[PDB]
């Protein structure tokens, strides 16, 4: 059953990857007196004891495997070896292991499936680069015992899922059941690699007990590469010769890189910054603490200079909110613009609608109208069509009437001078302000009703200079009238 073999293989590879990870750290983080401390890996201390100082010397894959139990490392049932590669406080009272690793390289408890699986790790060989005590390790060999090729495929699959690979795979054999009995299987004196196995399966003495030796190069993929072919678990930056700066790491989604504070931060406010190095502050997008509308803990981003003053972003902004009507639909809007403008009819012939009862509005063409180009809306997500919007609010309005010379003196075309001509005022009936649009233009027009008490005459004015408005323009998922 492939499924069964895959589960065994996944557990085997997890063990293998963890042991290799440990070998690949010459400096390790442990807990002493309740705090993290860097120490030399006991593997690489001249004064360490068994099993940390154990080395084999078969640098050539084809050379004789060690037969000496002080050189190879016995593994699995009946051995105590696991305690030296797992945390001291795997149990509350502490094991005989001397190191509280800050992380687990391998689980405290051996994976359950491996307690009686057909394939188990029987022995580990730390191949030394030289003959010194605590020597560097240039290869890690795992001898897997078969409890009597399908497995190689599932092992390779598990390996590729774990960012490791096998330097090679050899067939090994022993005459009995001892860890010291293992030796390379040979064909005419030539050690048998798995690649040569299909061809030579016929001459394989069935009296032997067989196994596989899996070789891992602990330095392969250990370092980040100029060509980018090795992934980073994280990357942290230095300050003053210490790894005290911010860190970047991926979350589980595959989309996000996450910035967190460095150990050197007196405050917890991670920031991504830009610097021109041309004499002014760098600008940072920084995460700071805040509170939500229910006074619950939250955070936000702040764009700031080094004095902590807000800085500027040039961008189109969309804001999303629940519709304030009975709708629970969400709506989008942009930042508005505001324009001050008066209508522009000035003389009686343009201003006065002489038969207002019969008059029909031609807003696209009326004299004195306010006309504007329809804005282009910015990009929106999905899903959500934005409409150009325009509103007009009254800014000044007077019931002007003809003066002695039959002229209208009130004029609101310039906000700074609206009071400058008082006008001859009648009684206001009010104003109707209409906004219309084509595909490309906004049309804003207005009528005003005025009673002239001097002549007892009722007037309707079209687009008068003595009516001005503040025009608001924006884009929204909420449509225009």
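Numbering follows the first chain given and starts at 1.
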query: Missing from the model but present in the deposited sequence, between residue 148 and residue 149; finding: 4 to 9
query: 49 to 57 versus 451 to 459 - greater average Cα B-factor per the deposited record; finding: 451 to 459
query: 31 to 39 versus 430 to 438 - greater average Cα B-factor per the deposited record; finding: 31 to 39
query: Of the residues 74, 337, 116, 219, the one carrying the largest Cα B-factor as recorded; finding: 116
query: Candidate set 124, 187, 90, 370 [ranked by C-alpha B-factor, highest]; finding: 187
query: Third assignment of residue 112 from its chain's C-alpha B-factors; finding: highest
query: Ranked against its chain, the third holding the CA B-factor of residue 444; finding: lowest
query: Cα B factor band for residue 225 (lowest, middle or highest third within the chain); finding: lowest
query: Within-chain third of residue 397 by Cα B-factor, per the entry; finding: lowest
query: Ranked against its chain, the third holding the CA B-factor of residue 403; finding: highest
